[PDB]
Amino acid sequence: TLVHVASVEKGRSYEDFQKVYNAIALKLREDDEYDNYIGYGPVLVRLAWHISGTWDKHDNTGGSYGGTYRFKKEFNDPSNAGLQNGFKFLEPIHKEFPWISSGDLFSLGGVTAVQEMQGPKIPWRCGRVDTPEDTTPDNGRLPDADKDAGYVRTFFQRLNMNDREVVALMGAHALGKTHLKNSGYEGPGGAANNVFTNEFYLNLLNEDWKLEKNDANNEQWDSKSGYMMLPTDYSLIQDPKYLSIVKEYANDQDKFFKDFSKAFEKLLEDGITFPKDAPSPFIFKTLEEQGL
């Protein structure tokens, strides 16, 4: 059982959310130093994902709606190690705009990072509502990295994501890096790692990969170029259905952009029931299109 109705923060409209977007964008541009000049984009995208990937379609627990990331249990999920940097980034934003709900902020963080790293436009809907600490999902709902194509397919079923949606979402691994201290994995995925492109499929197909044990004793695929791939990233080219989708995004950047946009909003809106007269989704202007 369990229904979560989108309630619009009172009196709020498009241009209020545009200003929250603009603050995020502005600080993305300003704290350009973090994670050796990668900046905060990647970790905000991942935050926006980890707050949504707790969802379970079966009983409708977890997901982005309740902002339950603010509570110690989920905050200290070992799957979330590193994500405290994104939370702290969003901290002065929440103080400047305390009317916005936690859910809405975390997911807007991701949308803003993507668009500002030159990725697709992702429509976004407000309306998530903080729920209480006892609504916080337990740890272990987010996927393991050490597993195969079969594990991946099964995992994302619980998020109601198909082959195509999964391959699309995964191309976000073009962004940022694994960090040994955070996940037991080390290295970037490509050369353009704070620009949102389809470089993750290009690298899967084009680099020369070798399975190795890393310094945390974990297996990961490394290339002569110094890029890496998680066994789970790598399964996308071992499975015949996934491979064929990898080659399609490798050859069609527009296509990748559109499917990633669809599946990213679907990820962030899983679990949430929008009333028939909720506002339409907002497509925010980037700093650049506002000349800001």
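If you superpose the two forms and keep the largest set of C-alpha atoms that fall within 1.5 Å, you have the rigid core. Counting begins at 1, following the sequence as shown.
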**Prompt:** How do 191 to 199 and 87 to 95 compare in 8 other deposited structures of this protein: which one has C-alphas farther from this form after the rigid core is matched?
**Reply:** 191 to 199
**Complete:** Core-fitted, the stretch whose Cα atoms sit farther from this form in 8 other deposited structures of this protein, 154 to 162 versus 182 to 190, is 182 to 190
**Per the entry, higher mean C-alpha B factor between 222 to 230 and 43 to 51** = 222 to 230
**Asked** Of the two stretches 244 to 252 and 56 to 64, which shows the higher Cα B-factor on average in the entry?
**Response** 56 to 64
**Item:** Peak C-alpha temperature factor (PDB record), options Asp104, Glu165, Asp148, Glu74
**Value:** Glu74
**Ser79, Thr178, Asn206, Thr197, ranked by C-alpha B-factor: the highest one** = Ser79
**Prompt:** Is the Cα B-factor recorded for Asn22 in the lowest, middle or highest third of its chain?
**Reply:** lowest
**Complete:** On the chain's distribution of Cα B-factors, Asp239 falls within the third called middle
**Prompt:** Mind checking which third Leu267 falls in for C-alpha B-factor across the chain?
**Reply:** lowest
**Item:** Chain-relative CA temperature factor third for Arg128
**Value:** middle
**Prompt:** How does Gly171 rank on Cα B-factor within its chain, lowest, middle or highest third?
**Reply:** lowest
